[PDB]
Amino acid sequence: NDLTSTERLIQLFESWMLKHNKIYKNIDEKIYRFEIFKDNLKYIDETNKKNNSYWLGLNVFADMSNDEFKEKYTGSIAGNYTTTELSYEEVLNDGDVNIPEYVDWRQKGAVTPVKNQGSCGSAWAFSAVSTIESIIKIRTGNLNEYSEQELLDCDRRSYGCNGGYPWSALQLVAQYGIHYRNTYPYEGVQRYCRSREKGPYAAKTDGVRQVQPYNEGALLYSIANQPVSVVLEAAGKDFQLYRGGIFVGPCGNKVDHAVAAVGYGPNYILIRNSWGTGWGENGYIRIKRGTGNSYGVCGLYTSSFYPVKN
């Protein structure tokens, strides 16, 4: 409503709480949150003055300091970095790809509604699960919602809400299967495996493949075929408060979050996050491509997997 009076800010903060359905513990938290809000406000304003290709805004995270945001919503990957795979049959190659100028699997009805992970380092399950929903639509024609909680609960190579691996989750689904979200809904806490209580799996895939890492072109090819699980560095302020446009940085290559790549255009790769529709462009972000950065911006080309289904 305006920055030129504390009075007007408090009002702004109030209507922002109402917009993001935000209820607090007590008024001691409310005042505290306002300070943080008001701090993030100055930063957003100072930054949307510069003329970048993207801008920030008072999204769902306007409430939180970067430190708190890091801890709660990042580090689904963090963990401790593999060393790249078993060293057997995965990587694909190249030769002569001819892909569309643009791709967006939403427009083929292959993508479910944006999910919210809450404060869990579970993004590795959502990233996986959404590329599974897609691949199945793409092959059988139906779009279904499958269970992130099941992976949370059941994947022994991963660490529940303290991070995990997308490739592991993909691979569980190829060897065992997965249940519908409604049979096994999301609680945002890890519990015991309840796969046996649920009867038959709803679906099973056939395998998983890694895409050649540090290779922009190999990832575009893959996206033109299906959504792909990818990882990136999402702990920065500019990322937290991202509202729209083509994200360009700054970010490092210390990946800590897993998301899904549902498309691309000439200058960007389109990415589905799991922080709900109150973040980004209704839950998505366009990340800049074509810079000849081997890593990709935010280390996007670091570690990419997708499910296989005949």
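Just count from 1 along the sequence shown to find any residue number.
Undergrad: If you take the mean CA temperature factor per stretch, which one wins between 75-83 and 118-126?
TA: Mean C-alpha B-factor is greater for 75-83.
Undergrad: Mean C-alpha B-factor higher for 294-302, or for 10-18?
TA: Comparing 294-302 with 10-18, the higher average CA B-factor belongs to 10-18.
Undergrad: Per the entry, which of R243, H257, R272, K30 tops the list for Cα B factor?
TA: If I rank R243, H257, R272, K30 by C-alpha B-factor, first place goes to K30.
Undergrad: Compare the CA B factors listed in the entry for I136, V91, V111, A169 and report the winner.
TA: Within the set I136, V91, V111, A169, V91 shows the top C-alpha B-factor.
Undergrad: Split into thirds by Cα B-factor across the chain's modelled residues, where does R286 land: lowest, middle or highest?
TA: It falls in the bottom third of the chain.
Undergrad: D153: which third of its chain by C-alpha temperature factor?
TA: CA B-factor rank for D153: middle third.
Undergrad: Considering every modelled residue of the chain and its Cα B-factor in the PDB entry, is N40 in the lowest, middle or highest third?
TA: Middle third by C-alpha B-factor.
Undergrad: Is the Cα B-factor recorded for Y192 in the lowest, middle or highest third of its chain?
TA: Highest third - that is where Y192 ends up once the chain's C-alpha B-factors are sorted.
Undergrad: Could you tell me which third, lowest, middle or highest, the C-alpha B-factor of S147 occupies within its chain?
TA: Tercile = lowest for this residue's CA B-factor.
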